[PDB]
Structures are given as C-alpha cells and as structure tokens.
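Have a look at the structure below before the remarks.
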Amino acid sequence: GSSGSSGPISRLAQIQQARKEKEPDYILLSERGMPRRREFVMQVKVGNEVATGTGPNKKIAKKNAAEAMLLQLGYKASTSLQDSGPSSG
C-alpha cells in the first residue's frame, strides 16, 4: 500500500516509527451516507491519542483519519492557522 507521494497515512506511520512508539492503529467506525459517495467513518489510534477520518470512501476516510491525527498532534497546525490567517505575531 502506501499511496505514492506524501500522504497522511505514511506521514503518520513515519511519526509512529520516528517516535519509536508503534505504528498507528486504524479502526473502521462505520460506513453510511449518500449512495453515490457514501461517507465512511475511520478511526486512528496513536499511542495515547485517537483521531477520526471521513471521506467518500473508506480509503480517504483513513487518509482523513491520519490527517486529523497529525493535526491533533500539532504537525499541521502551523500551516492550518497560516491558511486561516497570517497574523504575524
């Protein structure tokens, strides 16, 4: 697996390994929503932290999971805020 290019999964896995803790534990919450693009609920367990990911497909739901996990951790917060606003302080 591990979709080419930088992804939320790998990025997370790389953190789990770089942290010397243990790879992330993904758990499928559920799967519901529109028929065309059903909404899949994904879960991610990292150490003593947990996150969720929702997308049009389980896959994405997983990618979105790590994303949140990375954000919740504070690995994509800087950018986030930056995007939301500059606020040079």
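Residues in the structure tokens are named by chain (A, B, ... in the order shown) and by number from 1 within that chain; ligands are numbered from 1 in the order shown.
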
As a tab-separated table (two decimals) with N, CA and C atoms, in the first residue's frame, list the residues of region 2-33 of chain A assigned to alpha helix (DSSP H) by DSSP on the backbone atoms of this structure.
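Saved file part_21.tsv follows:
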chain	number	residue	atom	x	y	z
A	8	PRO	N	-1.16	11.22	4.36
A	8	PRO	CA	-1.43	11.35	5.78
A	8	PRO	C	-1.11	10.06	6.52
A	9	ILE	N	-1.31	8.95	5.83
A	9	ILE	CA	-1.05	7.64	6.41
A	9	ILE	C	0.45	7.52	6.71
A	10	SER	N	1.24	7.47	5.65
A	10	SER	CA	2.68	7.36	5.78
A	10	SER	C	3.19	8.40	6.78
A	11	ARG	N	2.83	9.65	6.52
A	11	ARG	CA	3.25	10.74	7.38
A	11	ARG	C	3.02	10.37	8.85
A	12	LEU	N	1.92	9.68	9.10
A	12	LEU	CA	1.58	9.27	10.45
A	12	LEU	C	2.47	8.09	10.85
A	13	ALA	N	2.55	7.12	9.95
A	13	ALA	CA	3.35	5.93	10.20
A	13	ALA	C	4.80	6.35	10.48
A	14	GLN	N	5.27	7.30	9.69
A	14	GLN	CA	6.63	7.80	9.84
A	14	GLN	C	6.81	8.43	11.22
A	15	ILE	N	5.71	8.95	11.75
A	15	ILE	CA	5.73	9.58	13.06
A	15	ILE	C	5.71	8.50	14.14
A	16	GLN	N	4.97	7.43	13.85
A	16	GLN	CA	4.86	6.33	14.79
A	16	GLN	C	6.19	5.59	14.91
A	17	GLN	N	6.91	5.56	13.80
A	17	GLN	CA	8.21	4.89	13.76
A	17	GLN	C	9.30	5.83	14.27
A	18	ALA	N	9.22	7.08	13.83
A	18	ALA	CA	10.19	8.08	14.24
A	18	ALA	C	10.08	8.31	15.75

- request: List the neighbours of residue 68 (chain A) out to 9 Å using only C-alpha atoms; skip same-chain residues closer than 3 positions along the sequence, and give me the result as a list in words.
  value: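 Final neighbour list, sorted by chain and number: residues 8, 44, 51, 52, 53, 63, 64, 65, 71, 72, 73 and 76 of chain A.
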
query: What lies within 8 Å of region 27-40 of chain A using only C-alpha atoms, ignoring chain neighbours under 4 positions off, as a VMD selection string?
result: chain A and resid 44 to 45 53 to 58 61

field: Distance criterion (only C-alpha atoms): nearest to residue 1 (chain A) out of A:85, A:67, A:19, A:59
entry: A:59

task: Kindly give the distance, in Å, that separates CA of residue 69 (chain A) and CA of residue 48 (chain A), rounded to a single decimal.
output: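 These two atoms are separated by 11.4 Å.
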
message: Write out as a list in words the set of residues from chain A that DSSP, computed on the backbone, places in strand (DSSP E).
response: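 Going through chain A, the strand (DSSP E) residues come out as residues 25, 26, 27, 28, 29, 30, 31, 32, 39, 40, 41, 42, 43, 44, 45, 46, 49, 50, 51, 52, 53, 54 and 55 of chain A.
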
Those same residues - N, CA, C and O atoms - I'd like them written as a PDB file, in the first residue's frame.
ATOM      1  N   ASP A  25      -2.989   2.637  14.826  1.00  0.00           N
ATOM      2  CA  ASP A  25      -3.999   1.595  14.799  1.00  0.00           C
ATOM      3  C   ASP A  25      -5.295   2.160  14.211  1.00  0.00           C
ATOM      4  O   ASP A  25      -6.017   2.893  14.884  1.00  0.00           O
ATOM      5  N   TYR A  26      -5.548   1.797  12.963  1.00  0.00           N
ATOM      6  CA  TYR A  26      -6.743   2.260  12.277  1.00  0.00           C
ATOM      7  C   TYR A  26      -7.921   1.318  12.533  1.00  0.00           C
ATOM      8  O   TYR A  26      -7.777   0.100  12.442  1.00  0.00           O
ATOM      9  N   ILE A  27      -9.059   1.918  12.847  1.00  0.00           N
ATOM     10  CA  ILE A  27     -10.262   1.148  13.117  1.00  0.00           C
ATOM     11  C   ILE A  27     -11.436   1.758  12.349  1.00  0.00           C
ATOM     12  O   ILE A  27     -11.645   2.969  12.388  1.00  0.00           O
ATOM     13  N   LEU A  28     -12.170   0.890  11.668  1.00  0.00           N
ATOM     14  CA  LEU A  28     -13.318   1.329  10.892  1.00  0.00           C
ATOM     15  C   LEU A  28     -14.515   1.524  11.825  1.00  0.00           C
ATOM     16  O   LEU A  28     -14.993   0.570  12.435  1.00  0.00           O
ATOM     17  N   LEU A  29     -14.964   2.767  11.906  1.00  0.00           N
ATOM     18  CA  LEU A  29     -16.096   3.101  12.754  1.00  0.00           C
ATOM     19  C   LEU A  29     -17.382   2.577  12.111  1.00  0.00           C
ATOM     20  O   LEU A  29     -18.048   1.705  12.667  1.00  0.00           O
ATOM     21  N   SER A  30     -17.691   3.131  10.948  1.00  0.00           N
ATOM     22  CA  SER A  30     -18.885   2.731  10.223  1.00  0.00           C
ATOM     23  C   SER A  30     -18.799   3.204   8.771  1.00  0.00           C
ATOM     24  O   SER A  30     -17.752   3.675   8.329  1.00  0.00           O
ATOM     25  N   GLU A  31     -19.913   3.062   8.068  1.00  0.00           N
ATOM     26  CA  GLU A  31     -19.976   3.469   6.674  1.00  0.00           C
ATOM     27  C   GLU A  31     -21.424   3.754   6.270  1.00  0.00           C
ATOM     28  O   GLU A  31     -22.216   2.830   6.088  1.00  0.00           O
ATOM     29  N   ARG A  32     -21.726   5.038   6.141  1.00  0.00           N
ATOM     30  CA  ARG A  32     -23.065   5.457   5.760  1.00  0.00           C
ATOM     31  C   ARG A  32     -23.008   6.774   4.985  1.00  0.00           C
ATOM     32  O   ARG A  32     -21.963   7.419   4.925  1.00  0.00           O
ATOM     33  N   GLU A  39     -20.388   8.000   3.012  1.00  0.00           N
ATOM     34  CA  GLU A  39     -19.459   8.540   3.990  1.00  0.00           C
ATOM     35  C   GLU A  39     -18.966   7.433   4.923  1.00  0.00           C
ATOM     36  O   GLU A  39     -19.757   6.822   5.640  1.00  0.00           O
ATOM     37  N   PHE A  40     -17.661   7.208   4.884  1.00  0.00           N
ATOM     38  CA  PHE A  40     -17.052   6.185   5.717  1.00  0.00           C
ATOM     39  C   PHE A  40     -16.341   6.808   6.919  1.00  0.00           C
ATOM     40  O   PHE A  40     -15.534   7.723   6.763  1.00  0.00           O
ATOM     41  N   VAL A  41     -16.665   6.286   8.094  1.00  0.00           N
ATOM     42  CA  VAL A  41     -16.067   6.780   9.322  1.00  0.00           C
ATOM     43  C   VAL A  41     -14.845   5.926   9.670  1.00  0.00           C
ATOM     44  O   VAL A  41     -14.962   4.716   9.854  1.00  0.00           O
ATOM     45  N   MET A  42     -13.702   6.591   9.748  1.00  0.00           N
ATOM     46  CA  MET A  42     -12.460   5.907  10.069  1.00  0.00           C
ATOM     47  C   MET A  42     -11.881   6.415  11.392  1.00  0.00           C
ATOM     48  O   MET A  42     -12.048   7.584  11.738  1.00  0.00           O
ATOM     49  N   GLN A  43     -11.214   5.512  12.094  1.00  0.00           N
ATOM     50  CA  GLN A  43     -10.610   5.853  13.370  1.00  0.00           C
ATOM     51  C   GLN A  43      -9.112   5.541  13.349  1.00  0.00           C
ATOM     52  O   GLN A  43      -8.675   4.629  12.650  1.00  0.00           O
ATOM     53  N   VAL A  44      -8.367   6.315  14.125  1.00  0.00           N
ATOM     54  CA  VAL A  44      -6.928   6.132  14.204  1.00  0.00           C
ATOM     55  C   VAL A  44      -6.484   6.245  15.664  1.00  0.00           C
ATOM     56  O   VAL A  44      -6.837   7.202  16.352  1.00  0.00           O
ATOM     57  N   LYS A  45      -5.715   5.255  16.094  1.00  0.00           N
ATOM     58  CA  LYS A  45      -5.219   5.232  17.460  1.00  0.00           C
ATOM     59  C   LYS A  45      -3.691   5.302  17.443  1.00  0.00           C
ATOM     60  O   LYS A  45      -3.030   4.403  16.925  1.00  0.00           O
ATOM     61  N   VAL A  46      -3.172   6.379  18.016  1.00  0.00           N
ATOM     62  CA  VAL A  46      -1.734   6.578  18.074  1.00  0.00           C
ATOM     63  C   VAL A  46      -1.314   6.807  19.527  1.00  0.00           C
ATOM     64  O   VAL A  46      -1.624   7.845  20.110  1.00  0.00           O
ATOM     65  N   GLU A  49      -3.414   8.664  21.960  1.00  0.00           N
ATOM     66  CA  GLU A  49      -4.250   9.605  21.235  1.00  0.00           C
ATOM     67  C   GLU A  49      -5.088   8.872  20.185  1.00  0.00           C
ATOM     68  O   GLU A  49      -4.728   7.778  19.751  1.00  0.00           O
ATOM     69  N   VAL A  50      -6.191   9.503  19.808  1.00  0.00           N
ATOM     70  CA  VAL A  50      -7.082   8.923  18.819  1.00  0.00           C
ATOM     71  C   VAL A  50      -7.602  10.028  17.897  1.00  0.00           C
ATOM     72  O   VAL A  50      -7.679  11.190  18.297  1.00  0.00           O
ATOM     73  N   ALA A  51      -7.946   9.630  16.681  1.00  0.00           N
ATOM     74  CA  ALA A  51      -8.456  10.572  15.700  1.00  0.00           C
ATOM     75  C   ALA A  51      -9.456   9.861  14.787  1.00  0.00           C
ATOM     76  O   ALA A  51      -9.568   8.636  14.819  1.00  0.00           O
ATOM     77  N   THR A  52     -10.157  10.658  13.995  1.00  0.00           N
ATOM     78  CA  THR A  52     -11.143  10.119  13.074  1.00  0.00           C
ATOM     79  C   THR A  52     -10.958  10.723  11.681  1.00  0.00           C
ATOM     80  O   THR A  52     -10.386  11.802  11.539  1.00  0.00           O
ATOM     81  N   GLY A  53     -11.452   9.999  10.686  1.00  0.00           N
ATOM     82  CA  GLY A  53     -11.348  10.450   9.309  1.00  0.00           C
ATOM     83  C   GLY A  53     -12.598  10.070   8.512  1.00  0.00           C
ATOM     84  O   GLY A  53     -13.040   8.923   8.554  1.00  0.00           O
ATOM     85  N   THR A  54     -13.132  11.055   7.805  1.00  0.00           N
ATOM     86  CA  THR A  54     -14.322  10.839   7.000  1.00  0.00           C
ATOM     87  C   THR A  54     -14.060  11.232   5.545  1.00  0.00           C
ATOM     88  O   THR A  54     -13.434  12.257   5.279  1.00  0.00           O
ATOM     89  N   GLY A  55     -14.553  10.398   4.642  1.00  0.00           N
ATOM     90  CA  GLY A  55     -14.380  10.647   3.221  1.00  0.00           C
ATOM     91  C   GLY A  55     -15.464   9.939   2.405  1.00  0.00           C
ATOM     92  O   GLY A  55     -16.384   9.349   2.968  1.00  0.00           O
TER      93      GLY A  55
END

field: Length of the CA of residue 62 (chain A) to CA of residue 83 (chain A) vector [Å]
entry: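 A separation of 23.2 Å between them.
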
- request: Measuring atom to atom with only C-alpha atoms, identify which of A:82, A:88, A:75, A:47 is nearest to residue 23 (chain A).
  value: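 Between A:82, A:88, A:75, A:47, the residue approaching residue 23 (chain A) most closely is A:47.
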
task: One decimal, Å: what's the distance from CA of residue 2 (chain A) over to CA of residue 78 (chain A), could you say?
output: 25.0 Å
